[PDB]
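Q: Dropping the structure in here first, questions after.
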Amino acid sequence: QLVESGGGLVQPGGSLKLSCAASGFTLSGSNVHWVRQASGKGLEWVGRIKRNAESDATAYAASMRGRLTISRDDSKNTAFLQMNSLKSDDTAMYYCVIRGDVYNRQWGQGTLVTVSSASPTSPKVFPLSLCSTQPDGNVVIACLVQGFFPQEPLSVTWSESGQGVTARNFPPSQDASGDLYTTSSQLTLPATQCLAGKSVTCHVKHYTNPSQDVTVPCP
Amino acid sequence: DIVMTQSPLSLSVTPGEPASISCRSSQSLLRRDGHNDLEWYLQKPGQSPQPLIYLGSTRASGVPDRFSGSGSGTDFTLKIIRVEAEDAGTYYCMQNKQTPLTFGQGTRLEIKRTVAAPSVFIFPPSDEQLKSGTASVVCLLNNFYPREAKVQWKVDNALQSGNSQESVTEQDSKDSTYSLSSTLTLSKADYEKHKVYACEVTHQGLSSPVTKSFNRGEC
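Structure, rendered in structure tokens:
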């Protein structure tokens with residue numbers, strides 16, 4: 001519906017161009033605003049671009065000392081947010097918000113911007129098994145996803161899904177020392193779907209680094 | 220810039236009970252047409268904000284009849300007649316009178332379900348990780364309410380004041396429970412010098428603390 005892209009890890013002083021592409025409706029009849037959210041905080045208006053009818057007039061938050069440019073490609077049906085001289089404090093989820101022509105007041109899914117001089121670090125992913133007896137008829141297995149940077153985007157999927165299958169994902173938390181993050185992903189599934197001798201896979205997609213497929217044996 | 224102040228900043232309401240959120244603006248949001256330039260958004264865990272109320276009182280498309288917005292000028296109120304599991308999240312008021320568009324701090328709504336003790340699972344370090352010279356012990360807590368849970372790590376029955384990190388999921392939109400991941404990270408050298416590894420959980424739904432433990436290598 002409203003597809004966002006362009007986010008990523010960028011060094012301070014860097015540049016990024018964010019896209020807000022409308023899929024299955026015109027964007028020209030509406031005003032496009034950009035709103036941000038730093039992880040664990042509220043909402044902060046960044047700027048807006050008025051409709052082609054209102055001659056694409058732009059307005060920005062004064063705090064962003066002329067570092068942003070909001071533009072629109074009416075042929076591509078996309079609105080953009082170009083950010084320059086990036087600051088550590090620009091780290092946030094950026095959303096585009098539509099106003100006027102319907103879908104009115106609708107927000108995009110967000111695109112993440114991380115501004116840091118810290119180098120990306122791939123997670124150290126490990127299989128986790130219970131030492132004890134399994135819960136009656138269910139199998140509980142996990143994957144440790146250790147020492148990674150940036151904290152997001154990080155996604156974990158398992159090779160088993162369906163009825164009686166529950167995947168539990170936890171927000172990363174900062175490690176004791178340094179800039180690294182750690183989390184785990186847990187899978188509960190029927191014993192029948194994880195028979196003795198079988199193995200399962202947790203698939204870990206982190207930022208732009210190649211995905212990791214880790215084998216976890218069934219008990 | 221128009222200042223939006225929300226009150227209270229958090230609520231814990233039992234299902235079926237009403238809830239109300241106050242929003243006060245620093246300038247009047249009353250229009251020439253009579254209506255008010257005040258909006259209300261809900262941001263559910265893991266999602267982007269969604270409109271609820273616009274123009275001070277207009278209930279957005281597909282927003283249940285249980286949500287209402289009232290007030291004029293500088294004082295507004297979002298009312299929820301009967302709170303449900305799915306209402307969990309952070310509510311924001313927004314003024315659309317002038318630019319910069321400004322939002323309130325956000326009010327988190329917790330759904331106050333019945334006490335639910337966690338299911339606790341302990342995962343020893345995998346040999347794969349031990350090879351690298353680091354040892355992480357994982358303690359997972361599942362589907363508990365309230366959020367207050369204390370996780371204590373014991374090594375050969377001696378309490379740890381450091382070496383651990385945890386993360387808690389946001390309140391589940393369906394069952395209103397929380398889940399927690401606690402990780403104790405030791406060096407391989409330290410891990411190899413001790414035998415009994417335990418996580419002790421204290422929660423309201425437990426008669427006394429639950430300890431899940433294992434002996435190094437006896438797995």
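Each protein sequence line maps, in turn, to chains A and B.
If you use our numbering, the first sequence corresponds to residues 1 to 219, in order.
If you use our numbering, the second sequence corresponds to residues 220 to 438, in order.
For each residue, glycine too, the CB sits at the ideal point set by N, CA and C.
Should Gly-7 (chain A) be labelled buried (16 or more other beta-carbon atoms within 10 Å of its own) or exposed?
A: As a working note, residue 7 (chain A) is residue 7 in the first sequence. It counts as buried.
Q: Can you grab the Cα-Cα spacing for the pair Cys-218 (chain A) / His-422 (chain B), in whole Å?
A: To locate residue 218 (chain A), count along the first sequence from 1; it is residue 218. To locate residue 422 (chain B), count along the second sequence from 1; it is residue 203. Spanning the two alpha carbons is a distance of roughly 30 Å.
Q: May I ask which residues mark the beginning and end of the alpha helix (DSSP H) holding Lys-407 (chain B)?
A: Here residue 407 (chain B) refers to the residue found at position 188 when the second sequence is read from its first residue. In the DSSP assignment, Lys-407 (chain B) falls within the unbroken alpha helix (DSSP H) covering 407-410.
Q: Could you give the distance in angstroms between the alpha-carbon of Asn-382 (chain B) and the alpha-carbon of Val-97 (chain A)?
A: Position 163 of the second sequence, counted from the first residue, corresponds to residue 382 (chain B). Position 97 of the first sequence, counted from the first residue, corresponds to residue 97 (chain A). The straight-line gap from Cα to Cα measures roughly 42 Å.
Q: What residues from chain B crowd round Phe-25 (chain A), counting only those whose CB sits closer than 8 Å?
A: Working through the first sequence from its first residue, we reach residue 25 (chain A) at position 25. Within 8 Å Cβ-Cβ: nothing; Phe-25 (chain A) doesn't reach chain B, min ~14 Å.
Q: Specify the secondary structure class of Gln-193 (chain A) as computed by DSSP and reduced to three states.
A: Taking the first residue of the first sequence as 1, we reach residue 193 (chain A) at position 193. Residue state, collapsed to three classes: helix.
Q: Using the beta-carbon count (16 or more within 10 Å), is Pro-319 (chain B) buried or exposed?
A: As a working note, residue 319 (chain B) is residue 100 in the second sequence. With 16 or more Cβ atoms within 10 Å of its Cβ, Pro-319 (chain B) is classed as buried.
Q: For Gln-163 (chain A), count neighbouring C-beta atoms within 10 Å of its own C-beta (all shown protein chains included) and say buried if the count is 16 or more, exposed if not.
A: By 1-based counting over the first sequence, the position of residue 163 (chain A) is 163. With fewer than 16 Cβ atoms within 10 Å of its Cβ, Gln-163 (chain A) is classed as exposed.
Q: Tell me which residue opens and which closes the alpha helix (DSSP H) that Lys-350 (chain B) is part of.
A: Against the second sequence, residue 350 (chain B) aligns to sequence position 131. It spans 346-350 - the alpha helix (DSSP H) in which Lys-350 (chain B) sits, taken as one unbroken run.
Q: Just verifying my parser: in three-state terms, what is the DSSP assignment at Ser-88 (chain A)?
A: For the purposes of this step, residue 88 (chain A) is taken as residue 88 along the first sequence, with counting starting at 1. Three-state result, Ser-88 (chain A): helix.
Q: Helix, strand or coil, according to DSSP, for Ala-79 (chain A) in the structure here?
A: Position 79 of the first sequence holds residue 79 (chain A). Note: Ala-79 (chain A) maps to strand in three-state DSSP.
Q: Assign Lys-431 (chain B) to buried or exposed, taking buried as 16 or more other Cβ atoms, counted over all protein chains shown, within 10 Å of its Cβ.
A: Position 212 of the second sequence, counting from 1, holds the residue named residue 431 (chain B). It is buried - the Cβ of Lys-431 (chain B) has at least 16 other Cβ atoms within 10 Å.
Q: Below 8 Å between beta carbons is the criterion; list the residues of the segment 356-370 of chain B that meet it against any residue of chain A, in chain order.
A: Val-357, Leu-359 and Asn-361
Q: Is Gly-42 (chain A) near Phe-295 (chain B), with beta carbons less than 8 Å apart?
A: As a first step, residue 42 (chain A) is located in the first sequence; it is residue number 42 there, counting from the start. As a first step, residue 295 (chain B) is located in the second sequence; it is residue number 76 there, counting from the start. In this structure, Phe-295 (chain B) does not lie closer than 8 Å to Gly-42 (chain A) by Cβ.
Q: Leaving out five residues on either side along the sequence, give the residues of the same chain with a beta carbon under 8 Å from the beta carbon of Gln-348 (chain B).
A: Indexing the second sequence from 1 puts residue 348 (chain B) at position 129. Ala-354 and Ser-355, listed in sequence order.
Q: Tell me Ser-386 (chain B)'s beta-bridge partners as DSSP assigns them.
A: The residue you call residue 386 (chain B) lines up with position 167 of the second sequence. B:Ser-400, per the DSSP bridge assignment.
Q: Would you mind telling me which residues of chain B sit closer than 8 Å to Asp-175 (chain A), beta carbon to beta carbon, in chain order?
A: Taking the first sequence and counting its residues from 1, one reaches residue 175 (chain A) at position 175. In chain order: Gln-384 and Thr-404.
Q: Relative to chain A, which residues along the segment 295-323 of chain B have a C-beta separation below 9 Å, given in chain order?
A: The residues in question are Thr-309, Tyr-311, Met-313, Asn-315, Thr-318, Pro-319, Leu-320, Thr-321, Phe-322 and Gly-323.
Q: Who are the near neighbours of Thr-78 (chain A) in its chain, counting only those whose CB is closer than 8 Å to its CB and skipping five residues on each side?
A: Your numbering for residue 78 (chain A) matches position 78 in the first sequence. The residues are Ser-19, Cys-20, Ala-21, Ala-22, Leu-27 and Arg-72.
Q: For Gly-147 (chain A), count neighbouring Cβ atoms within 10 angstroms of its own Cβ and tell me buried if that reaches 16, exposed if not.
A: Position 147 of the first sequence, counting from 1, holds the residue named residue 147 (chain A). Looking at its Cβ environment, which holds 16 or more other Cβ atoms inside 10 Å, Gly-147 (chain A) is buried.
Q: For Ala-304 (chain B), which of helix, strand or coil comes out of DSSP?
A: By 1-based counting over the second sequence, the position of residue 304 (chain B) is 85. In this structure, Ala-304 (chain B) counts as helix in the three-state DSSP scheme.
Q: Excluding the five sequence neighbours on either side, which residues of its own chain have a C-beta within less than 7 Å of the C-beta of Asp-74 (chain A), listed in chain order?
A: Locating residue 74 (chain A) in the first sequence gives position 74, counting from the first residue. Correct list, in chain order: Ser-28 and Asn-52.
Q: Taking all protein chains shown into account, do 16 or more other C-beta atoms lie within 10 angstroms of the C-beta of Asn-376 (chain B), making it buried, or fewer, making it exposed?
A: For the purposes of this step, residue 376 (chain B) is identified with residue 157 of the second sequence, where counting begins at 1. An exposed status is given to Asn-376 (chain B), since fewer than 16 other beta-carbon atoms sit within 10 Å of its beta-carbon.
Q: Is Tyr-364 (chain B) near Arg-332 (chain B), with beta carbons less than 8 Å apart?
A: Position 145 of the second sequence, counted from the start, is the residue given in the question as residue 364 (chain B). Position 113 of the second sequence, counted from the start, is the residue given in the question as residue 332 (chain B). The answer is yes: Cβ separation under 8 Å.
Q: Considering just the uninterrupted stretch of the beta strand (DSSP E) at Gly-288 (chain B), what are its terminal residues?
A: The residue given as residue 288 (chain B) occupies position 69 in the second sequence. That run of the beta strand (DSSP E) goes 286-291.
Q: Report yes or no: is there a C-beta of chain B within less than 8 Å of the C-beta of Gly-110 (chain A)?
A: Taking the first residue of the first sequence as position 1, residue 110 (chain A) is located at position 110. So yes, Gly-110 (chain A) belongs to the interface.
Q: Would you decide whether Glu-258 (chain B) is buried or exposed? Buried here means 16 or more other CB atoms lie within 10 Å of its CB.
A: Here residue 258 (chain B) refers to the residue found at position 39 of the second sequence. Buried, by the Cβ-count rule.
Q: Note down the Cα distance separating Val-357 (chain B) from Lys-205 (chain A), rounded to an integer number of angstroms.
A: On the second sequence, residue 357 (chain B) is found 138 positions in, with the first residue counted as 1. On the first sequence, residue 205 (chain A) is found 205 positions in, with the first residue counted as 1. In a straight line, the C-alpha of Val-357 (chain B) is about 21 Å away from that of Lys-205 (chain A).
Q: Take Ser-241 (chain B) as the anchor and find which of B:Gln-324, B:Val-334 and B:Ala-304 has the nearest alpha-carbon.
A: Against the second sequence, residue 241 (chain B) aligns to sequence position 22. If we check each option's Cα against that of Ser-241 (chain B), B:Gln-324 comes out closest.
Q: So, with DSSP's three-state summary, where would you put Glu-54 (chain A)?
A: Within the first sequence, the letter at position 54 stands for residue 54 (chain A). In this structure, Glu-54 (chain A) counts as helix in the three-state DSSP scheme.
Q: Pull up the DSSP beta-bridge partners for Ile-141 (chain A), would you.
A: As a position in the first sequence, residue 141 (chain A) is number 141, starting the count at 1. DSSP, once it has assigned bridges, lists A:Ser-129 and A:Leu-187 as partnering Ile-141 (chain A).
Q: Give me whichever residues DSSP pairs with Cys-312 (chain B) in a beta bridge.
A: Translated into positions along the second sequence, residue 312 (chain B) becomes position 93. DSSP, once it has assigned bridges, lists B:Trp-259 as partnering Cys-312 (chain B).
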